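As the structure lists them, so they are numbered: ligands from 1, and atoms in each ligand from 1. Scope of the values below: all heavy atoms of this structure, side chains included, with no hydrogens, waters or symmetry mates. To find a chain, count down the sequence lines: A is the first, B the second, and so on, and within it residues start at 1.
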Amino acid sequence: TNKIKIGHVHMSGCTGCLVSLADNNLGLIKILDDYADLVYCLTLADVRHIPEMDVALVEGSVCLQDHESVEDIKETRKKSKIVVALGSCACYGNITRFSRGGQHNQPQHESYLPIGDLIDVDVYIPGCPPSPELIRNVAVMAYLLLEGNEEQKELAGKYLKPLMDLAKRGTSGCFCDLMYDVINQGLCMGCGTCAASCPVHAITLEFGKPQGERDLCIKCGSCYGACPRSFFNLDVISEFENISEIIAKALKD
Amino acid sequence: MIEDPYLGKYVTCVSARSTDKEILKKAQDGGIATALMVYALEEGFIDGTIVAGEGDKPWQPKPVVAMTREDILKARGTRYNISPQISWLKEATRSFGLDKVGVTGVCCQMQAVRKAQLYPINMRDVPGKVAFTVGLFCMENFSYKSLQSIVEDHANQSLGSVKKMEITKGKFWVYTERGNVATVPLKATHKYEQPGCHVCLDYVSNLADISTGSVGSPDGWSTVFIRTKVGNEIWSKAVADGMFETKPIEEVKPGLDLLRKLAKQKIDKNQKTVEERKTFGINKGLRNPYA
Amino acid sequence: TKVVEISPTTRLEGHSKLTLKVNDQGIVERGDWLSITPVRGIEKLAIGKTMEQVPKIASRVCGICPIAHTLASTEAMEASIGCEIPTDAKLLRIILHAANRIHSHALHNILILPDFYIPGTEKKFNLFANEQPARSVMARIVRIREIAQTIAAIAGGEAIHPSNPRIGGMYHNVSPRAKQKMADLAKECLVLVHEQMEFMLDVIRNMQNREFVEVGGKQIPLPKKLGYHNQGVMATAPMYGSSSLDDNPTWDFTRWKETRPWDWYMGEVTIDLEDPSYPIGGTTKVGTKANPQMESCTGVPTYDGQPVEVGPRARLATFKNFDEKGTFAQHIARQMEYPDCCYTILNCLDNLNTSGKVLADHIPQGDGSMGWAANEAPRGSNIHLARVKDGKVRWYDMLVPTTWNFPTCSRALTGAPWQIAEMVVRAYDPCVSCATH
Amino acid sequence: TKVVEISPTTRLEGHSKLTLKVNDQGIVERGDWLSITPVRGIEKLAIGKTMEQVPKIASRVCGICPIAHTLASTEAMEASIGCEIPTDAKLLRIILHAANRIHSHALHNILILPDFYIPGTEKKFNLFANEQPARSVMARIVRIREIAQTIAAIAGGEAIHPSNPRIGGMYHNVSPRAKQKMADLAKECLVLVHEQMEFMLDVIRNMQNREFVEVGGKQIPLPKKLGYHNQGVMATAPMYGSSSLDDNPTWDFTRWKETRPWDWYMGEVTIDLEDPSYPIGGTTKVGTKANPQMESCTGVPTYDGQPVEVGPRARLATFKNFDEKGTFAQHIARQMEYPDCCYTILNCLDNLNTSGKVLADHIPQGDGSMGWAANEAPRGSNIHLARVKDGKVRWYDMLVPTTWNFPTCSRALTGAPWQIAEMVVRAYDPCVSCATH
Ligand SMILES: Cc1cc2nc3c(=O)[nH]c(=O)nc-3n(C[C@H](O)[C@H](O)[C@H](O)COP(=O)(O)OP(=O)(O)OC[C@H]3O[C@@H](n4cnc5c(N)ncnc54)[C@H](O)[C@@H]3O)c2cc1C
Ligand code: NFU
Ligand code: NFU
Ligand code: SF4
Ligand code: SF4
Ligand code: SF4
Ligand code: SF4
Ligand SMILES: [Fe+3]
Ligand SMILES: [Fe+3]
């Protein structure tokens, strides 16, 4: 089989998503060596225009008043088999939800939307910053989905399904996810995972129940993602020891 | 009742200016917006009104509930950046204890009031206490940073020296207190406009009781539309009381011909924008508040 | 004069372009390097928000240097409200700061080496390639960045967007075991950064001895004074920074003024020179209109009425009177900063009391007074200014290193063959998301 | 070695000459630039006079920079007596100061351009001539100086010998209308000085690319290191100055000592080389005796026992580590100071309270204590020192920029062809009436 073709597309992002990918260290070099060709990434390489990609890792949101940005995100959908919203800005808007214009030297750059409001998104990788391990798992599994035996492609499709469901669920992320869709649904069981995942310490547990500092929350969508009562896909997660060994072998020298 | 497709619904249109020489000293145009609110207060049609007062930075407006002739006059002259007039609409009926609220503002602010009157959403007591609205013509507005950039850079003027600003004859004009004049081609200002103005389908404040503006009238005069029964009662009385000089608009150049054409260009350009929102993405579009 | 334009730039952070007037030989007469990154507008959206939230939003300006905005923003709040943080909080912030400088300088090694030559040869580094010596260099860089991110995560709570800093100090002190782990890693890192530093200095010295470089198959001459400018430099500390709480602050806000690009950038031009062979995808089509004054996305901060250079060379020039200028001098000064980072971490760990307090006992809420804080980010002086009143941000302003370097680097472009204008740019280690915020 | 002498110098302020030993090629081996302006003796006549009178006499040392002596003298009195002036007095003094720097730098453009070339040509600027481009340049310079003098007159009371400064602050605050007028003029001036600055920098860059210049019909080679010296620089502020009232003064009087010309100048020589064709009137007749030690009219202030350079390059080198030296570097640094003047005026006007107090409520009469004040005059650090007792000046001393630059520029003459020794001199923007006082 061939290596799949992967691009990193940079919209209104901070490059922390790219840094997260790079923080797989020799893992990334192993993937680039054996499974994937980086065909486009302005930060790392000199390909100036968006080429065709099997997988586009798209970070950042879209500024509606920046013509080239709107064209880039449409061109990306047109050029890509699989579009991945990489990180919470691409998935959910994140800190650019708060953008409201008025700053030099483009006071009209006022409106930012997650990429899923402008194009169809196949896969979400939520997180701010996203976990290096997640970006790696998704790249490996995308390779298996495209180049593996049908036993692998079956595993890969089952692994990615909840990240594809997230992309179909919507383009909003907030502390309030845990109210709306977990506590208010009768699904919260007080494990406290949301509090560990929150990057800004906006979540405490009081008598076993989430308490959200909404004016600290930066709307990244991490806590609903990590909650074991958002998606819990038993067919994958109960096979954790096996899937771990499979991923590890794919990275071994 | 004329029902014009670009100038909205109205009973008459005249060219007018206030007979109050104190008001005219600092009015942008004819002094219609100030004269109508002062008169409404002294006659008791209103007991207070929302006007764009002076704010904390030069040429930045601050909405305020004015309840005296003196406080109304402080709001004279056009501030070409955003003044959130409607933020005091409910409060005017609470701690201010008003029974008859006046509102001044531009076309979208007139729309906000009428929406509040028909669909009050946590706007208790507002439908029945709105007593009088005067709407300004408005082609587009700017953030304060936009206005600073235009005046300080493009016109090379200090904001603290500016006496009047005026968009007319294709140029953004700056008049200083010491007597100088600077202009900027409107083409240079386009990047700075507030983006939400680009879906606006209303030029001459279609939904106000009385609408007033500059285009169609010579300098020092205003083009005025009298639209609603409220608007007609107050205007008739005010004219009868000596408050205004008038001229039928069709005896005035350039008059309603130019005005109806500028209204048409605004609506057509912004209706196109509204249309392009629908297919803005790939197999996806942006929201249309008018849908 | 003709006008050529490279858009986008590459092997730098974020989105910019070069709009260049060139003479009959293709040498830049006057070039503008400008941001075309959309303005997310952090300074305006900050108004009314809590002083606890604004630093964590400001962190998301940039994922390479989030330490710089987290600390400068927090310490601007602390300076405005008059909050003095505990010693052990300060030590942990310094460890976080030094660690991040290591990871950033090492990342920039990856971005610039493809322009550089294996010494004594005509082969350029291709770091993707699984061949020597590139692969052993990549292995070293990769371990350096891993160590640095790990230390950052332990002292700062997260390597990207650190969670441990808060108004008044830190959420957490570290365990005795974590303190030992940071020391063990810094010992390892110190040997590695000494090796990487010597390697990079050798590569740069070889560049300084070359007469030409190859771009798109053509020989491009290397000017002796590549990247020289006359703007001088600005720096507030060799390592950490300074704030208005200090007895003798090392930055002078009465010398600063910020203009729009207007005062310093070219107006409308039309591209009439195009090279479709420029690697990889060519330059802007002939006939395109450009207008740097209007397209530039940044403000232009000045010091004594002029743009200045910030960053590692600015720090070495200010604090040791380092006396080389231009592109290769900038590269040299950056590599020379590697060892201070590891010695500083080890000295800070030696003084850190893992039982010590990390949060001030009293956090005032502010009366509207102005305070400011400078952090010496990897790319240079990062100055945040704030007025906090009743725990809310009433006024906020950010003067970020690449913002300062944008007009200065533009001026340094004069004299360069337009095909290596991008090499002049990369010596500034640009972060265009930072510059724009 | 032969000895040639140019007397008088031209296109500078006041009366000096160049007494030059040259090698067989006509290159200066050792040259002395010296004042031959009569000593009006301001420091000695000051003794016993009132502290109110002495600054107004000191103003009349020089009509180009009277602001510098008015302010340095007044603030030396204020420093000796311990008088703290009101904020709005200080703001008005800064506006006065910045305005005058504009007029002086622009006047110096008129003096130096006849040595410079219309870029890419062999024609030199003749600013008298009613032809382009000289006439449009003159029109811009003339409006710049007019604006500057006008602002100076409004804030300072008079453009030449300002009347508004007094012990304790100012005689007058300005009206709301005057404040608007100064802002309007500064807005206009800022655009103009940006244009003039870019014009001058282009002209200087062209000079740096020339191999020769024409003097008296002959080609004179242009050395690469024209005007280089090893004295280093001294500066007290990038804009205004410093005084002994400050918490941390930026000038150190224990490092200063003033000698007679004796220690630094040549003794008796005889001119044996004469060029009657030197434009326009030739050089000193063969056989003339000269003695710089005895004919020099100035004292020689030193810093750490050596002459130093002061002025715009000294300020940019001290405060931004500007790193170019010599004649064209001096010219560059001076033009770069244009915009700070206009931004400073506008910022000061923005902070000026036109109802605010301008005179200290109490003016002490002094007990004989020494105080000092430095003003960064357009030509460099102007330091006045005083002991005031019972309202009278008991001791007075003046270290004026061109006084400092006289021995330093002399040393910079080495290596120049004697026919462009005067170009080395003019980069110092000499004020010989200032240097002598
Ligand atoms: C953004 C803006 C765009 C405009 N564009 C046009 C145009 O294209 N064509 C045209 O003919 N007229 C336009 N106008 C109206 C015109 O500039 C005058 O405001 C109008 O003629 C009323 O003048 P006057 O003499 O009657 O009022 P004055 O007696 O001078 O009183 C001024 C009135 O204007 C209100 N006002 C001033 N600034 C604002 C503001 N920012 N926001 C809300 N209300 C404000 C005040 O509350 C007060 O009621 C515009 C006005 C604004 C604010
Ligand atoms: N280093 C750095 Fe940032 Ni991504 C920049 N420029 C800033 O503070
Ligand atoms: N500038 C200036 Fe003067 Ni006429 C000199 N030298 C001084 O203070
Ligand atoms: S998701 Fe977070 S780390 Fe990724 S681009 Fe957005 S701010 Fe940066
Ligand atoms: S992670 Fe989910 S189930 Fe666990 S405490 Fe938080 S909301 Fe409740
Ligand atoms: S509460 Fe924390 S994890 Fe959840 S959306 Fe907000 S910032 Fe993200
Ligand atoms: S153009 Fe429309 S939306 Fe914009 S300020 Fe004027 S009336 Fe309001
Ligand atoms: Fe900023
Ligand atoms: Fe003296």
Side-chain angles (χ1 to χ4, degrees), chain A residues 10-21 58-61 85-97 114 125-130 135 172-178 194-204 210-227, chain C residues 12-14 40 53 56-73 100-101 104-105 107-108 158 160-161 163 241 310-312 374-384 398-406 428-437:
Chain A
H10 192 270
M11 310 299 311
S12 281
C14 89
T15 310
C17 278
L18 183 60
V19 175
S20 303
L21 174 58
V58 183
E59 77 166 78
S61 56
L86 171 59
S88 295
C89 294
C91 291
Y92 299 135
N94 191 57
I95 59 136
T96 71
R97 294 300 187 179
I125 298 173
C128 179
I135 313 167
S172 67
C174 191
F175 175 72
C176 299
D177 286 321
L178 306 176
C194 48
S197 77
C198 177
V200 296
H201 301 323
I203 298 172
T204 47
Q211 154 61 25
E213 197 156 359
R214 302 160 54 215
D215 264 332
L216 191 43
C217 171
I218 61 156
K219 309 191 54 83
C220 75
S222 298
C223 50
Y224 185 69
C227 170
Chain C
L12 56 47
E13 192 278 336
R40 293 169 289 163
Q53 192 178 42
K56 297 285 147 54
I57 298 173
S59 192
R60 276 87 183 165
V61 160
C62 176
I64 299 171
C65 73
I67 283 59
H69 295 299
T70 300
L71 299 179
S73 183
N100 164 273
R101 182 176 290 182
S104 183
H105 282 6
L107 181 58
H108 190 240
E158 193 68 42
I160 313 176
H161 311 311
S163 62
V310 299
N375 180 275
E376 283 297 324
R379 299 158 177 80
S381 311
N382 182 35
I383 300 137
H384 288 220
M398 290 166 62
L399 323 172
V400 188
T402 296
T403 322
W404 297 95
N405 279 330
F406 256 116
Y428 287 88
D429 183 7
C431 192
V432 180
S433 298
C434 269
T436 307
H437 43 276

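Side-chain contact of A/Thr96 with A/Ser61: a donor-acceptor pair under 3.5 Å is present, judged by distance alone.
For atom 8 (Fe) of ligand 4, the nearest protein heavy atom (residue, atom name, distance) is A/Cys14 SG, 2.3 Å. Looking only at protein heavy atoms, the nearest one to atom 3 (S) of ligand 4 is C/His161 NE2, 3.3 Å. Of the protein's heavy atoms, A/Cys217 SG, 2.3 Å lies nearest to atom 6 (Fe) of ligand 6. Nearest protein heavy-atom neighbour of atom 8 (O) of ligand 2: C/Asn382 CG, 3.1 Å. Looking from atom 7 (S) of ligand 4 to the surrounding protein, the closest heavy atom is C/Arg60 CG, 3.2 Å. Protein heavy atom closest to atom 2 (Fe) of ligand 6, with residue, atom name and distance, is A/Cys198 SG, 2.3 Å.
Between the side chain of C/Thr402 and the backbone N or O of C/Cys434, no donor-acceptor pair lies under 3.5 Å. Checked by atom type and distance alone, the side chain of C/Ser163 never pairs as donor or acceptor with a backbone atom of A/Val200 at under 3.5 Å.
Considering atom 3 (Fe) of ligand 2 as centre, the angle to SG of C/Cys434 and to SG of C/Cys65 is 80° (10° rounding).
Because the distance cut-off is set at 2.8 Å, A/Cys17 fails to qualify as a neighbour of atom 2 (Fe) of ligand 4, as none of its N, O or S atoms comes that close.
Those atoms of ligand 4 that come under 4.0 Å of a heavy atom in A/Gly127, given as number and element, are 1 (S). Within ligand 6, counting atoms from 1 as listed, the ones closer than 4.0 Å to a heavy atom of A/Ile218 are 7 (S). For ligand 6, the atoms closer than 4.0 angstrom to any heavy atom of A/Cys223 are 3 (S), 4 (Fe), 5 (S).
Of all heavy-atom pairs between C/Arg40 and C/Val61, the closest is NH2-O, 2.8 Å.
Under 4.0 Å from ligand 6, the heavy atoms of A/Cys174 that appear belong solely to its backbone. When non-hydrogen atoms are compared, ligand 6 lies under 4.0 Å from the side chain of A/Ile203 (C-beta onward) but not from its backbone. At a heavy-atom cutoff of 4.0 Å, ligand 2 is contacted by both the backbone and the side chain of C/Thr402. Contacts between C/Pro378 and ligand 2 below 4.0 angstrom, taking non-hydrogen atoms only, involve backbone and side chain alike. With a 4.0 Å cut-off on non-hydrogen atoms, C/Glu13 does not touch ligand 2 at all.
Residue contact annotation: A/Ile95 has no non-hydrogen atom under 4.0 Å from ligand 4. Residue A/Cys128 places no heavy atom under 4.0 Å from ligand 6. The closest approach between a heavy atom of C/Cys62 and any atom of ligand 4 is not below 4.0 Å. Not a single heavy atom of A/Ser197 lies less than 4.0 angstrom from ligand 6.
Checking each of C/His384, C/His161, C/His437 against C/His69 for a ring-ring contact (aromatic ring centres under 6.0 Å, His included) leaves exactly one that passes, namely C/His384.
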